[PDB]
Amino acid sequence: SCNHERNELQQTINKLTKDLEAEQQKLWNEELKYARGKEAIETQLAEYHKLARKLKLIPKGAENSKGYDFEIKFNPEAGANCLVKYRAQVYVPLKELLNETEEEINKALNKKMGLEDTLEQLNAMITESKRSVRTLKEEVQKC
């Protein structure tokens, strides 16, 4: 009562005070992890935007952007999946530029191979014409 209780209440104060300290430590720890995890994402985003600017997908109205906004903004504390939500804004127009490119590459390779076969045809015709000229040559001079 005057001691048993009071003293038991004191030991609870002592325990709970150390328990609070441990939780204050855990919070600060997790805060710094989140900060490091962020910075790592901002660093990767800076590399993506650097190259995007090089390919002129950025800034807005860049000549290789087709009018899309390829800029991505990461803000402190965003709901679960801050960047996955950009899939419709940035990812589906990007895969569009990719498939338009590979198709245009297949049309170009189709044209190239056609020009290549035309050239081998001409080599065949030029080589046979040179033979005839050399043959008729000898026959004319044989007379």
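We number the residues from 1 along the sequence you see.
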Exercise for the section: Compare the mean C-alpha B-factor of 16-24 with that of 131-139 as given in the PDB entry, and name the stretch with the higher value. Expected result: 131-139
Exercise for the section: For the higher mean C-alpha B factor in the entry, choose 89-97 or 75-83. Expected result: 75-83
Handout entry: Among modelled residues of the same chain, the CA temperature factor third for residue 105
Key = middle
Practice task
Sorting the chain's modelled residues by C-alpha B-factor, tell me whether residue 115 ends up in the lowest, middle or highest third.
Solution key: middle
